[PDB]
Amino acid sequence: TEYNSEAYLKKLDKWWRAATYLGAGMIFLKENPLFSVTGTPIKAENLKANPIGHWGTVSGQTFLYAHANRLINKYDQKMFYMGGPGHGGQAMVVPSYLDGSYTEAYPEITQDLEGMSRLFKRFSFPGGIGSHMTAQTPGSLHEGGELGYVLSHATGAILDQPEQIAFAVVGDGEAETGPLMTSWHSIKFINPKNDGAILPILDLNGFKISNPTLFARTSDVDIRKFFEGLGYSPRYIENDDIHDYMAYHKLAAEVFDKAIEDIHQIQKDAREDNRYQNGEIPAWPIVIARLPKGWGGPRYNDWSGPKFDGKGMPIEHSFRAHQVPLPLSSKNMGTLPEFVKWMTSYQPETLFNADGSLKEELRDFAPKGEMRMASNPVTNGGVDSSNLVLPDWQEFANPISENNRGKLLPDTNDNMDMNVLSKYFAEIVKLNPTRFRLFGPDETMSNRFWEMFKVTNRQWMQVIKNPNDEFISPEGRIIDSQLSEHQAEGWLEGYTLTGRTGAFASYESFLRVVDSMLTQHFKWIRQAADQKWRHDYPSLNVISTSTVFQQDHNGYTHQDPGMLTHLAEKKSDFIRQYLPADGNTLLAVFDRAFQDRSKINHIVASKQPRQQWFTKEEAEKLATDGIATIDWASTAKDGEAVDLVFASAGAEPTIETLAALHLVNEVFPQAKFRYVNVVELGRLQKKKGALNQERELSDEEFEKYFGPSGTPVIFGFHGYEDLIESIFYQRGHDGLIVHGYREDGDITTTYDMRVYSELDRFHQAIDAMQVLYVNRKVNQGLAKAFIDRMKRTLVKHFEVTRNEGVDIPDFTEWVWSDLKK
Amino acid sequence: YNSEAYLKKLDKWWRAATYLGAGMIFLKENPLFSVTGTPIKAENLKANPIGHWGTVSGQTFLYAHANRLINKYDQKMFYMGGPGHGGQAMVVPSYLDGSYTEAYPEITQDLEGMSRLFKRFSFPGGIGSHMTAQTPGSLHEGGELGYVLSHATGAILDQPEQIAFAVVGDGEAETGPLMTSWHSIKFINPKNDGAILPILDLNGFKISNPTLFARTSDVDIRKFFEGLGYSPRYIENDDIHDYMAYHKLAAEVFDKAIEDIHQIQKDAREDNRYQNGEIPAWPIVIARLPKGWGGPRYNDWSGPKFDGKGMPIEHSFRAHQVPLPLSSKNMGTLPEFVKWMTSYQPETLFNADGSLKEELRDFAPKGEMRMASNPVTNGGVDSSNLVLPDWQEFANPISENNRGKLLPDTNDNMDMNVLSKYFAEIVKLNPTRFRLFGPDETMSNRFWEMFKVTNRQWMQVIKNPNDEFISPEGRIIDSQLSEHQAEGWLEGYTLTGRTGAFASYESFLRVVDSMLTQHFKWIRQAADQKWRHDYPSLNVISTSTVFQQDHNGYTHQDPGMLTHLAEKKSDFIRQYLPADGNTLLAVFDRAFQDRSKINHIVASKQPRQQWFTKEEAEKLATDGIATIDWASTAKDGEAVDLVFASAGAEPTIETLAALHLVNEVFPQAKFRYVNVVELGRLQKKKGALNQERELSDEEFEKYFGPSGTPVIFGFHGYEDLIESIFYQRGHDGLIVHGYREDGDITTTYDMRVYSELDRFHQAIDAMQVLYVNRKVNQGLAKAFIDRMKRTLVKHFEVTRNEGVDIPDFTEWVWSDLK
Ligand SMILES: Cc1ncc(C[n+]2csc(CCOP(=O)(O)OP(=O)(O)O)c2C)c(N)n1
Ligand SMILES: Cc1ncc(C[n+]2csc(CCOP(=O)(O)OP(=O)(O)O)c2C)c(N)n1
Ligand SMILES: [Mg+2]
Ligand SMILES: [Mg+2]
């Protein structure tokens, strides 16, 4: 009863207004924050010249934040705040400022007049703090700039964290996005026996930037139908008199009380009785809060513009409240009277002392210590942020040696790199039963994670109908049963930022559905690295498999390897892209990836049976150094001059480049060349701008592999050719002869997909012989006879593939053999 | 059309189409083996069967019932397959009604043409597995799932007589884009637009999983769709093999759906209903058609057993792709294939010569009523470009006196607002064939003039004055916060013959990176089909660019779209970076006249200096590049000490100011300035379909001089794109200045210093290269460089102390060179 009395709710109301007062003031003022309490009227010099920030969403989110604090203290609940409308950065900064966590992160921002003035001036100021809930914000793991991912992130955050609740505010405009709409299905994968809970609040403030919202103009009856159809239990916070603030507080206290209690009851039944393990979906609460936009701020634009019913255009309860609600500035003080009236309406003299500190009677409202949402270790790298316990990856390595390199192992499944990787992943689940997860979009089986299903199932909460279904269970370390890349990526990001490690595998082309989500995750960890008070994070591991050259049953629309270019443009110090050519290298790169911190790890991996090349010693070197000269594939020994260099990155390119130099060496053993296998592609760059040099090769190391400028380089690449061309310009190295994907392909045979882009051995061999002849390193008779033979083979390729639907033995039957000399 | 006799005719037609769709997975010859009395041998079978089976029979069921509707109601309609991986479900229906032969005369409706089609399916040099542009009647390949309803909506916008028969996969229904595309009916006005007839193909499974909606109860499914404003009707049965029961029930449901759609359209067009906030109760059909319907039931030949039977194929995910291991190298399961294929009773469906039985030939529509012949599906009923006004009528009066200066009216210095004058007039000249799309950003992006001629289309209740510029009828669609919707609508609007534009914040346009990929692949593949008509171009605008974020920060900074689209076949991509308003006007005059392109325009919305006359603007938009004499001390193809070049508004401003600083102290330096608008012309990529607009080596040297000529290049996007271009051209000496992934909430000109794009860093590089090239003396260079450094020293101090920029930036105006 003590957390439900009107005396207590009036204290909450004051704390609420205290937070909203500061959030509003820092939009316009850079000093003199308590002008009406300290008896110092506003002067032009106190005002910002170009006020920046958002107002509309703020007061509604601080209302919800205040009520979240009440729940924490009343129920002793571990909880954290996630702001869907992240553009209202004040809704997280000042609540942290009021409970002392902000000062703990920023000692100079003290809880007095000096520190308050310092905070006002830093807000949305050059070199200060942003307007959004960036990593500068204590308690944030979600910036909310690019809208739509707050619920998928919240789900990943509460997976395997049974004691945590995610207090997730969803903007009603945000609710119109694709990712947000489908993220409501997340409760079909949350098992209350082992996982925490998300408490979603739909912030139905009625408007977005310039429009009303589709859900706000949906009736409460239809809103109920929508959420009940998805398995939720909707409860409503609304009132006919929007300024009877105490009426909202009483109702919010009732609704939120039953929301937590129903969540706890759901968790009790699942953990003590074993409920919800038979296909029953818990009736998870969802709170629909109709809190008018710009709540408690300017009501009408009376100072300019047209009139309606003797008043200016409405600001409160309209889109016009979204950003800066007044034209006030140091250059335009016309609306200063309106600002003073607005700011004093909060009664700041009842909220703050003259010395800037919060009134004594309000200091016990917020939680203390780690119970504060801004201090919850979930929001600062996770309660436990340690890396995985890894087994020795060599226990799952292929037995490659000098005598079977470049050949197919007897068990076809061992020639499938993804399947070999699943062996390693399967053991990791055994060693990390609660802190490792695999995510996919209905592709884990198609991507050949076959060993994973020997140790776990896909987590699936709805009814199960074996044998029509397979490898699904209410408890599972894999989450794969929703067809949405946004979901898989959002879950992984939330899981990763909260201290755990996982992997998200997808068809290569369709991982680009999530191009912008990866951008945002890079942005976050890059900014988080600049915060000395923040712990680092585990790395985000995304796998591009079923790649351009391995989409047999799916044609041209499943071919886009451009993710390599997209991520190569970010700061390299936070990006690690790996193109292992075989299973042993793939195992070795993930041993490294799983130990790296605050990275995005992008691995391009093969799933179809392919020749295996490198010993587990060679694989270790390739994964550690990321690049290497392969002596058994080279005719030029250490420190020798070369006529050209062969290099490749990727499984298919490596097979074809190795085959090309073999074909050349068969007729011309005198040609001197090195073969260089490229795994860590970022090592080759030399970009302008800082935070790109951590792994870039020195000029000496680069020349050791590719020789001096002018050295021809036959470079087989998995992705688009522009990325390699930019690299060799950055390195000032003329002579690159790139062979990558050229946006050509369709339904065809395995090796014709390589001929489509002229990546194949025969087109590469021609270019190699042509440059040798052009450089007068070989006589014309031999050059012409060889090139004619390569051309004859390609003619046969086109006849057999179009007439028979199979590849020629020149491709299919080839195995590696020692070079001549 | 409801008699048992007619429905048995429909059932035979259905089994005939499904028989061929299944057979072409495995056979390349002898397609009617049981009718011609020629049992299957290994040489008749494909070596590596390719394709999908699970989804087809359900889609051919729906296609057949769609044909019934067309004939019964005389309805103009077209098919859209969400699960596009079952391409035969659109190929074979087209083959049976003659439209396929009209497109491919060699694929005749006889035994020979039938064998030819079997061999072409999913074969090297044949046709694909999906509903590609090779498929007559398709405007939606369905490879990347999730956009069938957004495309369907755009297709029926401004086409009141058309119905989009759009089938939604139940796995596809789990994606973000589809889930939110259900909101489209909040923007369809039955008074002026067509109708979508969506069918949720609840076959129960996707690749390897059951589906979330299939395991949702019919009661909850009803709650879901009624909450979204639809009227759900169900097709299901307890006995999944009582095919005539499904036919009867499907006929009732589909009849009632068409009639309810027509009643909605009549009430809207005759009585004026649904103009006051009432959303029509649009029908949505929930069809529980088992996956692998009518095919193999259990994997009796291998694998584990359950209840004395093999693992289920029908009514399971195992039917998704190739349901048998049969092949020319593995004939073990030929009996299962023969039993499966003969179960359709092909002897009752096809004649021995391969032709379709006579009693079945009258089932499908004829002529343009066939969904495969509907002009909607081949470039649109009307595919003409917009009628355009002379863009010069909205140009700024730029001349030698006011170049490089702010016009007195601040709104004329904002290119997007100037563009909105042009778009507003286009609305008046094309009231039913031009539309503007945005994701709650049209006003934010400063299309202010558009709102004086039209409103946003919005079907729910309106509450003025709290609302603004929304109406049940409007040429703008902007009131849904979803890039997937805006892009999907535009794509459907475009492929069906109309033209529009989609404007978005630059960094958030990348939400639909993959959608633009799919549209490019489509128009490129459509170009390879000689029977296919052209398309209008897809116009997308990237605004609020990286160097124009005031109220937003680092998360709104990503100009990587330029690189993404530059990697596709450049013959279908046009990227323009106009530096001022007059160029932007001229670019869209050209963009709106191009065919089968993606036009990506990077444009400024904040007030900036204006540079080019309407004569220069025309030349920049036509040639895409030009040497600017008044910013040059040397001519084209003439010797120079270095070259200045830029692409974009902010980069052009700083590069122009940089060369001005050099010439100000050292007018002896000989250089030309080159403004770059059509960036793709500078490329020289390997691979075909990239050469149409590429500069010749002679043209490239005319602008940038020979290899070794230093080139100070200011660029809007990431630097690697320029570096790749100059490697393709073998041109040593590039000194690129682009976005370098550095930025934050800061001042206008500091966003440029963050990446060292500013004039002062550019001037330093320019003087440094002259010194290394021994065309200047050390004393002059260091005094200049030290001065440049000193100016940068102050820049860092003022902005961090006051929150405003220094007069060295804000007060600079263009003046004549020496
Ligand atoms: C995917 C995406 N597109 C566009 C934007 C630009 N944007 C920022 S805020 C906003 C309006 C958000 O409305 P709402 O979610 O209702 O927040 P609130 O009403 O609390 O301000 C938009 C469209 C964005 N953030 N994300
Ligand atoms: C965005 C996206 N992610 C993944 C895929 C890969 N994929 C192809 S088919 C398929 C299953 C689709 O199932 P459903 O929608 O139920 O169609 P059905 O075959 O059952 O008719 C998937 C996941 C895809 N095409 N698009
Ligand atoms: Mg809102
Ligand atoms: Mg399905």
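Atom set for the values below is all heavy atoms of this structure, side chains included, hydrogens, waters and symmetry mates excluded. Numbering of ligands and ligand atoms starts at 1, following listing order. So you know, we letter chains A, B, ... as the sequences are listed, proteins then strands, and number each from 1.
Among protein heavy atoms, the minimum distance from atom 26 (N) of ligand 1 is reached at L147(A) N, 3.3 Å. When only non-hydrogen protein atoms are considered, atom 15 (O) of ligand 1 lies nearest to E174(A) N, 3.0 Å. Nearest non-hydrogen protein atom to atom 11 (C) of ligand 1 is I209(A) CG1, 3.3 Å. Residue, atom and distance of the protein heavy atom nearest to atom 14 (P) of ligand 1 are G173(A) N, 3.6 Å. Protein heavy atom in closest approach to atom 20 (O) of ligand 1: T57(A) OG1, 2.6 Å. The closest protein non-hydrogen atom to atom 16 (O) of ligand 1 is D172(A) OD1, 2.6 Å. Of the protein's non-hydrogen atoms, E441(B) OE2, 3.1 Å is the one closest to atom 4 (C) of ligand 1.
Of the residues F225(B), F224(B), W182(B), the one that meets the ring-ring contact (aromatic ring centres under 6.0 Å, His included) test with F226(A) is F224(B).
Formation of a donor-acceptor pair under 3.5 Å by the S124(A) side chain with backbone atoms of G53(A) is not found in this model.
In this structure, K523(A) does not pair ionically with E143(A), as no charged nitrogen and carboxylate oxygen lie closer than 4.0 Å.
Between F522(A) and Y554(B), the ring-plane angle classifies as tilted under the 30° and 60° cut-offs.
Numbered from 1 in the order shown, with element, the atoms of ligand 1 that lie under 4.0 Å from a heavy atom of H322(A) read 9 (S), 11 (C), 21 (O). Of all atoms in ligand 1, numbered sequentially from 1 with element shown, those under 4.0 Å from a heavy atom of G171(A) are 15 (O). Those atoms of ligand 1 with a heavy atom of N205(A) less than 4.0 angstrom away are 18 (P), 19 (O), 20 (O). Close contacts between ligand 1 and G145(A) involve ligand atoms 24 (C), 25 (N), 26 (N) [criterion: under 4.0 Å to a heavy atom]. Heavy-atom contacts of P85(A) reach the following atoms of ligand 1: 17 (O), 20 (O) (cutoff under 4.0 Å). Distances below 4.0 Å separate heavy atoms of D440(B) from the following atoms of ligand 1: 11 (C), 23 (C). For ligand 1, the atoms sitting less than 4.0 Å from at least one non-hydrogen atom of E483(B) are 1 (C), 2 (C), 3 (N), 4 (C), numbered in the order shown with element in parentheses. Close contacts of ligand 1 with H87(A), meaning ligand atoms under 4.0 Å from a residue heavy atom, involve 9 (S), 12 (C), 17 (O), 18 (P), 21 (O).
Protein nitrogen, oxygen and sulfur atoms, that is N, O or S, within less than 2.8 Å of the Mg ion (ligand 4) amount to 3.
Side-chain N/O atoms of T55(B) and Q59(B) include a donor and acceptor closer than 3.5 Å.
Some N or O of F207(A) is nearer than 3.5 Å to an N or O of ligand 1, by distance alone.
Proximity of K293(A) to ligand 1, defined as any heavy-atom pair under 4.0 Å, is confined to the side chain (atoms from C-beta onward).
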